[PDB]
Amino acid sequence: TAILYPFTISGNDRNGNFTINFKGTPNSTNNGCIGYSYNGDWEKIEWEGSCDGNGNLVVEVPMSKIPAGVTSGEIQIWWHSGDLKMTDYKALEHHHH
């Protein structure tokens, strides 16, 4: 039961990380990706992790994994053993709550 969150980025700036905060069922098992179209073809930077006792999960990916010229994509949740939602993401110095 996939969940998709669209995003837009600069095509040029690639310093730092793409950081995602999720809230979900404590101790849940979760995975997904950061996906994007690269010259029309879909590529995926997979992520996985378990929520802590408070139900929080932070995912970090280097921005350098997204090729130059890419301007849009989706944060995707794939597997979630309980509940999971994106509460914030940060890329290229910009938070999105």
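The first residue of the shown sequence is 1; numbering continues from there.
**Q** Could you settle it for me: does 62-70 or 36-44 have the higher average Cα B factor in the PDB entry?
**A** Taking the mean B-factor of the alpha carbons in each, 36-44 is higher.
**Q** Going by the recorded CA B-factors, say which third of the chain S10 sits in, lowest, middle or highest.
**A** Highest third - that is where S10 ends up once the chain's C-alpha B-factors are sorted.
**Q** Within this chain, which third does the Cα B-factor at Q76 fall in: lowest, middle or highest?
**A** According to the entry, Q76 has a C-alpha B-factor in the chain's lowest third.
**Q** Consider only the C-alpha atoms of the modelled residues in this chain, order them by B-factor as the entry records it, and name the third containing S28: lowest, middle or highest.
**A** Answer is highest: the recorded C-alpha B-factor places it there.
**Q** Splitting the chain's C-alpha B-factors into thirds, which one does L92 fall into?
**A** Its C-alpha B-factor belongs to the highest third of this chain's values.
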